[PDB]
């Protein structure tokens, strides 16, 4: 007796634009703007899109299945709307239209995915994703990346490089060592002694083992150097005029602090060093005799230290943005450190190169220039210089670019604004990849520029149609989807919203409709209501097409109904077929009167599904283990030899993946089951990380950085509010914390009542009130609430006071009938006064003409 609308406001891979065009987006890599380099990255996204899982899963999470499910939900919603058409022909016409348009497009995309996989995969370009040991980007995808305007790969030169690069057309490329994977031992690479990478590494820490000092002093270290530049080693705050030298130093320090602050952030202009954060006045007595910190003849700097510590807040220090280059360390005192910075520098050059490419200033490969001499060595030197002096590293690089701006394919060098744009991107993106296992390559996207690459749901993606067109080589025409790619290009941005507002508005429009209906009834405006109900949409559909059990009752049982009924008869501007519709739907005295179904939609469809997200994690663990074992050679045979610790850890990853997988297989999944598996999985991953940490000895293990990533992902899942859950039992997307709150209602009859109630009755305060009731008290309240919109909070809501409020309203509503009957003379005064006493005790739904006739007899 309730219609539950099942089309979700969100679906993996599915974007719906403002003109209701369905766009499916094939993902290339996971991330926004930049995607991290991990053994499996590009793999996981594609594998999932095309097949639910590489193996050990159902086809449940593929694009085809997910779209087929979406398709089914629409068909259910359409069938439901149609069920209401028998009662009110216009019912939900706008929604029905929108839902049919999406249905038809969804169906077409599904055929294409079916077709592409069967007819146009003869070389096994898709298939290899799930079978081949190290999956490759498909051909279509590589073509899309090559031809892109807003997305590019950059290849870097870390010391321990990995030859299995996925991106074959980097914009930025530098010379790399011979990967350990091209050596027989497979344990360390063969270094090369030319190139930018070697020049940076060897310069920042040479084979003489002579460290490079990192002397960065700011901002307090800087201010203390500038203020002490004017003072001597000897002078104290002593002599006859001790308060005056103090006050001068406080003013001088104050001035220099606000001066270096505004340069960094002009917004801390009115700060005082003459009073502490409490509000008490800073003076000689206060620092020497009340706190005891600074004695008499204390040094100038210790006075400065203490003034600062007493007056300044802890937040302000370190307030200014920090370069990725300055991580805090004293000096570059090992090889590990040198590579961290080699890569940092390389990545900055990569980022500048990217800026210059997306902005059409150059088409060149900056790395092809900086690997050549003298440039390789000269930039490595200037950087080492810079670190010792503590200077800003970023401009050193920009200056050298400007110094050779023509050689790098630019007409003008980089402006000060352009330079800051680059620096800030470099900062954002480096911090994202700071803890990447690998630094071989990175795919970077710009969604604020036009091109063939997009950003949707935390995936960097291409249009599925672009990939399809290309994979089939133009053979299968798109039919009605042939204009769709264009349509998306024609958009405002390439950064697409994670949820689909067009769908969400479909429902919000219904909510808005009841809200108005509720308002106009409370303001007792029957003529405006009737006008609002016949008012049309741009498609000409009258507003009464959004009537449902809730609103139909609100009107039918209202005091303004007789006024509304009169307005209805006495009106000419409204066609008779709607004039009947309305009287049929809202006059309970009409013999053709029939009740519409109640209407609901999920309040949590816009959130990512728990199971979908877990699947991605399981899938990622499997892949990692698989491509890891496929990257070792020629040592496949048992056994270690220390083989087990590396190998039993990989067995441990699969164990987790299998377990998460079997967790998902279960229907009737509960908050506590999920939480329990997820922590037990987190702990296993934690032990693995711990086992590695001890072993050393000491080398940074890529696997450690990989398990950390997976643990974090699983930690994110424990915030179950951020996800929704498909209940297979009730076929609806719910929240596990709403089911918690519903379950916390003891008695099953009361609980069900509360569930069947409108959304306004599903808040926390309300369910507490309702659990102080019994099944008979509950149904009385339910009926009560169906008569006129009221909110139940704790305050002000009294169970007793409510049992006076119900009777009042029952009696008021039912009198409408009795007064009508005695005016008609359809009842004796015998039964009029007998019923008039009964009026406050009988639910209006049961207080009807037939019932009275039956009742008297």
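Residue numbers count along the first chain shown, from 1.
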**Q.** Selected stretch [higher average CA B-factor]: 834-842 or 18-26
**A.** 834-842
Q: Could you check which stretch, 810-818 or 790-798, carries the larger mean CA temperature factor in the entry?
A: 790-798
(Q) Given 501, 207, 480, 168, identify the residue with the highest C-alpha B factor in the PDB entry. (A) 207
Q.
Between 602, 719, 218, 524, which one tops the list for Cα B-factor in this entry?
A. 218
Q | Record-listed C-alpha B factor of residue 136: chain third | A | middle
Q: Would you mind ranking residue 753 by its C-alpha B-factor against the rest of the chain and naming the third, lowest, middle or highest?
A: middle
Q. Residue 645's Cα B-factor: lowest, middle or highest third of the chain?
A. highest
Q.
Lowest, middle or highest third: which one holds residue 467 when the chain's residues are ordered by CA B-factor from the entry?
A. lowest
Q: Compare the C-alpha B factor of residue 555 with those of the other modelled residues in its chain, then answer lowest, middle or highest third.
A: lowest
